[PDB]
């Protein structure tokens, strides 16, 4: 829930969207 998009595909590219 840190990055909004998804739990599944939660990688570095996902983490970049907040930080």
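What you see of chain A is 330-348, where the numbers are those given in Swiss-Prot.
Method reported for this entry: solution NMR.
Quick reminder: no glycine exception, Cβ is built from N, Cα and C everywhere.
What Swiss-Prot says about this protein:
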REGION    330-348  region 'Interaction with SAG'
MOD_RES   334  phosphoserine
MOD_RES   335  phosphothreonine
MOD_RES   336  phosphothreonine
MOD_RES   338  phosphoserine
MOD_RES   340  phosphothreonine
MOD_RES   342  phosphothreonine
MOD_RES   343  phosphoserine
Residue 343 (phosphoserine): tally of other CB atoms within 10 A of its CB: 16
Alpha-carbon distance [residue 334 (phosphoserine); residue 340 (phosphothreonine)] in Å: 11
Residue 343 (phosphoserine) and residue 334 (phosphoserine), Cα-Cα, nearest whole angstrom: 8
